[PDB]
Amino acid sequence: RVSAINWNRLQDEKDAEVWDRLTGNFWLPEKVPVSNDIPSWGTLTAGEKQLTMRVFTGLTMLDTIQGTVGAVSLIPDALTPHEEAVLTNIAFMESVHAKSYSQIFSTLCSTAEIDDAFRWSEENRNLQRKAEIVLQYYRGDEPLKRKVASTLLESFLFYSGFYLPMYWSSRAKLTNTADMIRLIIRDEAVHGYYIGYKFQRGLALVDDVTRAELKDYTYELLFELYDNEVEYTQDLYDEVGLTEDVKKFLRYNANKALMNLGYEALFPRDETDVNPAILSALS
């Protein structure tokens, strides 16, 4: 049974805060002028172009899943009707993120390059594995575990590929494309915060046994996804010698994902000391 939403009676003021920020941050790939990166794009080697193409296609895969399956599967588990409305916005903006990469592809790359990059995403066992993991919980019947898998996607899985746009920006290359990605990262942060916030609200409704079972599940799912992401990172960044620094970025964001779910950071500072040039590219 449904019942028209009353935005004048909010059960959780945080729902309106996130709605105002996400809708107020509305944007489309046409807002970023990627045409100015044509010279910088041409200065990359065939291998550097191929790495960027595959990393970007991998980001599109997470965006396609989170918009088409992820955000929509959280609607029945909402605590308030406004949470449902906020979730529809996330599903839409995720589609905008996935389309932004095709706009970058259309402006910079050729048809043959795009087809090779998309065919690679179909065959890469690590990319397919991480999608099968979260998809099983999106389509499952455990609502709280679904929110943990959703938060881990927004706050951890995305950043294995978010490293490259920041790396290029640190080298004065593909600067406009990095601004496009920064608009995505700004949106992802709010999604991971909101979905993680709602996960904590559901944790307060269960018993102590369920709370401990979920903490174990989070650590198990994080490491299972991390072990798969380190293999994913090696196959891509080992040619350019960026693997060790991306792994620091991976651990750095895995701690952030844990804090979104209310848990404490796990990896120490000496394992998350990402190159400062990359962090300056973010902020």
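In case it trips you up, residue 1 is the first one in the sequence shown, and so on.
Chemist: Mean C-alpha B factor from the entry: is it higher for 231-239 or for 34-42?
Modeler: Result of the comparison: 34-42.
Chemist: Which has higher Cα B-factors on average according to the PDB entry: 116-124 or 131-139?
Modeler: Taking the mean C-alpha B-factor of 131-139 and of 116-124, the larger value falls to 116-124.
Chemist: Looking at the C-alpha B-factor values in the deposited entry, which of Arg211, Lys99, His191, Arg146 comes out highest?
Modeler: That would be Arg211.
Chemist: Please say which third, lowest, middle or highest, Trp168 falls into when its CA temperature factor is compared across its chain.
Modeler: Ranked within chain, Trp168 CA B lands in the highest tercile.
Chemist: Sorting the chain's modelled residues by C-alpha B-factor, tell me whether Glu94 ends up in the lowest, middle or highest third.
Modeler: Lowest third, going by the recorded CA B-factors of the chain.
Chemist: Considering every modelled residue of the chain and its Cα B-factor in the PDB entry, is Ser106 in the lowest, middle or highest third?
Modeler: CA B-factor rank for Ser106: highest third.
Chemist: If you rank every modelled residue in this chain by C-alpha B factor, which third holds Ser150: lowest, middle or highest?
Modeler: Bottom third by C-alpha B-factor.
Chemist: Ranking every modelled residue in this chain by its Cα temperature factor as given in the entry, which third contains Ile195?
Modeler: Lowest third, going by the recorded CA B-factors of the chain.
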